[PDB]
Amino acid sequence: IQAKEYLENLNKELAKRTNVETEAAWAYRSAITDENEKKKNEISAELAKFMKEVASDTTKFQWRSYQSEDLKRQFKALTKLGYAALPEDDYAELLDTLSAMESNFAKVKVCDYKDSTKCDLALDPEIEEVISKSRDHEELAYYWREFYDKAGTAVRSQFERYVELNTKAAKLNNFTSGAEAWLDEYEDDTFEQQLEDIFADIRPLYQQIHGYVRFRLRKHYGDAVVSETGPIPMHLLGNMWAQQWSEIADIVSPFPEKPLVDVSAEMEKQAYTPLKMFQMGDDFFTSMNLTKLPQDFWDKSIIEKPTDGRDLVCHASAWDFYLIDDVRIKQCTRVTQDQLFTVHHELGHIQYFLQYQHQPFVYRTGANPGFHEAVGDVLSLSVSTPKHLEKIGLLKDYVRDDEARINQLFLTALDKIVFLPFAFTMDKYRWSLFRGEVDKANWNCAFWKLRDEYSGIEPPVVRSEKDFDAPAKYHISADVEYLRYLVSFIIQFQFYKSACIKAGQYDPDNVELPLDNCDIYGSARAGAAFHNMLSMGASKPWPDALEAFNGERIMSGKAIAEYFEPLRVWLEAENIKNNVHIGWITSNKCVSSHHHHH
């Protein structure tokens, strides 16, 4: 019989209902109040009962033996209930503990290091800036310690129950654990291994940047502060989680005498505003013959941090309201080059939303979570080039010297290469818990051992099992899968490469057309490729989505390693010239307490 008419009717209802849920999520995350929190979970609780009642109905349609796979694809997807398979009482408890962590993160406030009276500094503006600009290791340590104790430790109790409920939910859906459930999204039983193999290929490059960065830092801060052969004291890497290091390029760049693209100052001196930044982002898409931002976006978006004393979630993000043209971004944008990249990242999501809007609700998601994260990043790569920045005047006079090209690749290596192992550990960590591989008594050290093992990083001060630091990372507190970023930083270079080729910007043989300098801005053929891929929205496993883009069907590293190659050959030489130590001994930062008072 035909369940097609059923599915059509059902997706349309699910969209209407998710719209209602989305609005409540938006209100809460825009104005954090007990009331909004209540409505928010209330809606989710209702939708969850509807899904259960829709899961039992599908028992009617024996799709597991159907003809036209597309219907059979929708059923497998719709019946795959997530946390919703959970029984009422548990689901409600999960919503709560989830809310407890989320709100806990966003409400973090710490006292200023030079004024124990202020105590109103939050992560997004204040503390985020201190870690970026300060060069007083003791001050950076202060802020690190203060932030981790509030954002991480204070929520160990909820996190643990979250893990328990997450595991219970997974088994109810026939998954081994929440770990395999997340991996299910990549529809490939060998995905983790593929990721393990690509990382293995790039790791050597990662261990020519690490030692080099540890070199300068120790030269700058001094021996007693940064030891050779030991893991780098995170907090001197310009980022609260040390996931990206470009922020300290001023004390760590190859040629400090040569220019270092820092468009922040020009943006500021030029009167740039968040609105202007979003409009630039918008222009990039249309210039590629891609979709212009709809009217609801400008009316309903929050592109600047509210001026009142209300609490909200300001971790940039993009929203699909599941209607037609109702898409919005919420970002506490600031005028800086990094924020400018972020603006493009989020629009990547928005574009993807519009591109697949016409698809059945179930297919209104990205093909593979990684694809959703890579769109915006592909434009950001173009925007970051000296070529495009000179064209828009945010780089008055610049010369491609040669030993200046290194300041661009290496600068990019502090964001794209350094990130890979960081992103991998975020989920390898949560996987090991989801899978009952770690003892509760070793939860906080299992984390740092992993940060140590893969990133060669360690906390600025000694932590014990008494502390619990994983929640200090937004995504851990908000229950947002992280592997998606690791796939993105990999596949985005594949997208970028091809796009640049489809444009007349990249030629492997011709110089003056290097990969690290193509702009693709204004490219209709690149936009066309993007359109073919994006419009499919999960209607097919990701290899077909990629194939729609450039005819390829495999995830690989035939891009980054072809992007950063000149950088990589420059390091191996420079490191030997300065006799730079490569590799590091195991960290001694995780223990189980010690005091000097009695």
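Counting begins at 1, following the sequence as shown.
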- request: Using only the Cα atoms and their B-factors as the entry lists them, report which of 509 to 517 and 109 to 117 averages higher.
  value: 509 to 517
statement: Of 242 to 250 vs 162 to 170, the stretch with the larger average CA B-factor in the entry is 162 to 170
- prompt: Per the coordinate record, which of the options 209, 379, 399, 470 holds the highest CA temperature factor?
  reply: 399
message: Ranking every modelled residue in this chain by its Cα temperature factor as given in the entry, which third contains residue 576?
response: highest
- request: Grab the CA temperature factor for residue 427 from the record and place it in the lowest, middle or highest third of its chain.
  value: lowest
- request: Would you mind checking where the Cα B-factor of residue 491 ranks among the modelled residues of its chain, as the lowest, middle or highest third?
  value: lowest
query: Which third of the chain does residue 175 land in by C-alpha B-factor: lowest, middle or highest?
result: highest
statement: By the entry's values, the third containing the CA B factor of residue 298 is the middle
